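Provided below as structure tokens are two forms of one protein chain, presented individually as structure 1 and structure 2.
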Structure 1
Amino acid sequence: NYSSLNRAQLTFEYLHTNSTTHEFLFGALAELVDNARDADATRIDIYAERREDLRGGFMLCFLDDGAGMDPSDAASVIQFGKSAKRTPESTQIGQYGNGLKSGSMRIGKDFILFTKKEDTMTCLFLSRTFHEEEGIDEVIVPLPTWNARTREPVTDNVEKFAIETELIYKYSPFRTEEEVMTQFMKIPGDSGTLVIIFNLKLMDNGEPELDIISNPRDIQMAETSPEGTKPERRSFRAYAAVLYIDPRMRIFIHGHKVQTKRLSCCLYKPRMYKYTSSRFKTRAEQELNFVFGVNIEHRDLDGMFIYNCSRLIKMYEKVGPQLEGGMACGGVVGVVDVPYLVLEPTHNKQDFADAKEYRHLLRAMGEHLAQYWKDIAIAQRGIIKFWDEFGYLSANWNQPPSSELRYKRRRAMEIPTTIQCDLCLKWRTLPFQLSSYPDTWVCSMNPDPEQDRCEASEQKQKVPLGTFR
């Protein structure tokens, strides 16, 4: 019996400490997006409710239709390190039992989480404002639960429930049980979770770091856009478009669907490479698919995109010839999905915990990328002439090519444009040319007579496998 022994405890300042892991704020947001995906949500809505009385002038809301959380799961949310997703063969991104807390405390001072399950709706309130105002060094988290049908309290302690609800009304954007019930009603199905981050972090100028004004359809970083800054790093729409290698959950930003894209599908001459990783085999004792392709659309947006369990960890990583001053292998996008048995993510899921094995994987990627360069033989065809074939005659490299319809279609018909249905969530390849943000497309709108119906099996692209060496 170890009841009398000391326990490691969380202090209020540890919320900020944990939040410090996210120097990439879109990574903090991706924590909540990953949680929604793990919850089997078919849909996550990322929108802002204007609130001029709250720091930043608006709340950041993550509404998903996933499995939600019963009171036990909601309580486990504040068990740092607790992750039921940490399971063998798990396809769930979450493993560290930390992402929600770290990301939410990076995004804003306070977050209030509304979750609904079979017949229970639970509110989880993490208010650093409450802690600072009332001088609390622990991390006290109200966790009231109502019956999702009767809306009556579900508690073994009416005193505790009253204190929790009064704290919510005092320190949250919602001053009454009626406003709280409105938030719950925003969860339309039998299950789902709404995470509202409010009192958002301000920059030096007093403006919120998240800019939702420049583009009402996007969550942007409040900061200038250098010529080399990447859309996935300045635009959360662009980030969420590639956040997952297997996009199944629909992402909506300010009510506008994010056009998720598989980076492999948008490349010229893709060649998959089966790398028999000694790391993977050693931890099996206890293969990887490198997909390389030329980004004719944006030769600037080249680099390795390393996913870990379908979730983007590294983006625009330069490997192999991309590291040298010569542009050889320039414009090539590499994508690899690394399972947990090969690599684990860092604390913020923006890097890999095992630096040595990540370096080994990057070296393997560089070797296979050089092999891909030799295989496609566009150097044998002439690299600059190949680029000119798609309108890249500008002396500069990064900025896009001449957008005249000639080269536009030359690139388009070399890129099989795929789309996802808004109802069955399956991905289809279209035989025509799209006109333009995404639509509410469904399988019924596919002119392809072979797959024009909803029940049609997903015709899966099979990248032509290449052999290393």
Structure 2
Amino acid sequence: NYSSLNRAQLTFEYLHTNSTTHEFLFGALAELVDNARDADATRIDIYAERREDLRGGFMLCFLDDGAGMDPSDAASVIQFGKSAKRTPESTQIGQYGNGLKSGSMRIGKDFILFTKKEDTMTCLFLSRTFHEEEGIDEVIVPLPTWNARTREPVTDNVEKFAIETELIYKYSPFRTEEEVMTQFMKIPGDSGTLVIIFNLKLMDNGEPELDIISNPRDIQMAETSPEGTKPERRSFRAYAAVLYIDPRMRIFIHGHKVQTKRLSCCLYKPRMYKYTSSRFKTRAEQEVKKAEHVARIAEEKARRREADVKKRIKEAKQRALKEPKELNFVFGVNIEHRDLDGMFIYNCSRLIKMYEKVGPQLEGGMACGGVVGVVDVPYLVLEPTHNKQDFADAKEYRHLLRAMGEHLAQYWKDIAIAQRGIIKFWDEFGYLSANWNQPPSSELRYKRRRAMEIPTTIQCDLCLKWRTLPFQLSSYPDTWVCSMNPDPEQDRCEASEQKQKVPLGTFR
């Protein structure tokens, strides 16, 4: 028994250190939103309440309507590394068990959670202000929980509970149970989660690190975003918009829907290439071997259904000796924004690499300028970094970027817009200036032309079924639902999805 041996233990300065992985602050926010997706949320509202008594002048909230957490899955949040999402297929962004703790501490000193599921509403209050003011060396994470209906406590150790709630009412924006329950009641359904991040990182000037004052319908960099700063890194509304390859969920920043995007739908000629990346034909076999030998490990530890689950993964991975033997590179040219380009690498539906230039994009020029990648990389091909803004296995990752370079050139010469004239193509979509970062002209003809080539896709508000409208309203223009959809078959709420047909290209 390995009970007396020393264990690695977190410390206060490790919270700072782990947050330091997030040089990308909207990446830090994006991790908390990823967890909301992994709870199968349909909405994730990201309003920021205005409390000036705290540092930063406000609180950064993440409301959602998903499958939240039970107290066990709440305690699994502070178990660094632990991700219960580990399971067959199951996009489930969380694999590393460290994105929320990584991000909420890059975002501000403190953070308070208000998850909810079934008949439980767990709170997860981790505050570095408490730690600094009381001299904490470890990582003390208050974990109080109440009942979803009665809003009465659900926890074994009452003294622990009292300490947790006392710290919440001592450092949190919410100085009593009444305001904490108000925050809980913001969760409209019987399951969901509200993550607030408070005592926010003050910039060198004194303002918080996140602006909610310049645009009250958005969370932006309080740093003056210098020109080249992309919306996704200067607006978490943009990041949440493009945060997933298949967002079956809506984002309400400041009570205002983000027009979320699959990023495969909203592109010009979204051609999908079934490529074995050269290596992934080898890492299809090793993927079969990985699922086989680890199912053998699953059998060894079992020596039962967990091995059977992993054995069915192995035969499902021997089926992935065809199906995920090749990565789905959904290349497409972003005509809405030319400069917001580069392979949007989705490691199982989470944007890890945004604006990563590969292939002809690495060398300067119009070669593959504009092309968005939208690859749904599984966690078998490759895994992200600690910050989930780079990729861990840099060897296999450079190999995947090289493979996407070959097939990005393939997509480039298959659509052949450069042969027809890349500059003329861009002129056809509003861009008639020299600077590559110049947004498209608001000119009517170019707006219509962009709206046409883009399959005008829009989620619903009840069933969330992505349709292909002849028009656009919204859902910051007016809202929309399937029932008001003017289309003969795609009008019923229960009508089958019309998930985008992808014209597949061929190499060589």
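Just so we're on the same page, rigid core means the largest C-alpha set that superposes within 1.5 Å between forms. Please note that residue numbering is based on structure 1, beginning with 1 at the start of its sequence.
Chemist: So which residue among 342, 329, 93, 197 shifts its CA at least 2 Å between structures 1 and 2 once the core is superposed?
Modeler: Among the listed residues, the outlier is 329.
Chemist: Residue 384: CA shift of at least 2 Å between structures 1 and 2 after core fit?
Modeler: It does shift by 2 Å or more.
Chemist: Aligned on the rigid core, do the two forms place the Cα of residue 158 2 Å or more apart, comparing between structures 1 and 2?
Modeler: Where the cores coincide, residue 158 still shows a C-alpha shift between structures 1 and 2 that is 2 Å or more.
Chemist: For residue 223, is the CA shift between structures 1 and 2 at least 2 Å following rigid-core superposition?
Modeler: It does, since the residue 223 C-alpha is displaced 2 Å or more between structures 1 and 2 after the core fit.
Chemist: State the core-superposed CA shift for residue 421 between structures 1 and 2, in Å to one decimal.
Modeler: Residue 421 is displaced by 0.5 Å at its C-alpha.
Chemist: Relative to the superposed core, report the C-alpha shift of residue 271 between structures 1 and 2 in angstrom.
Modeler: For residue 271, the alpha-carbon shift amounts to 1.9 Å.
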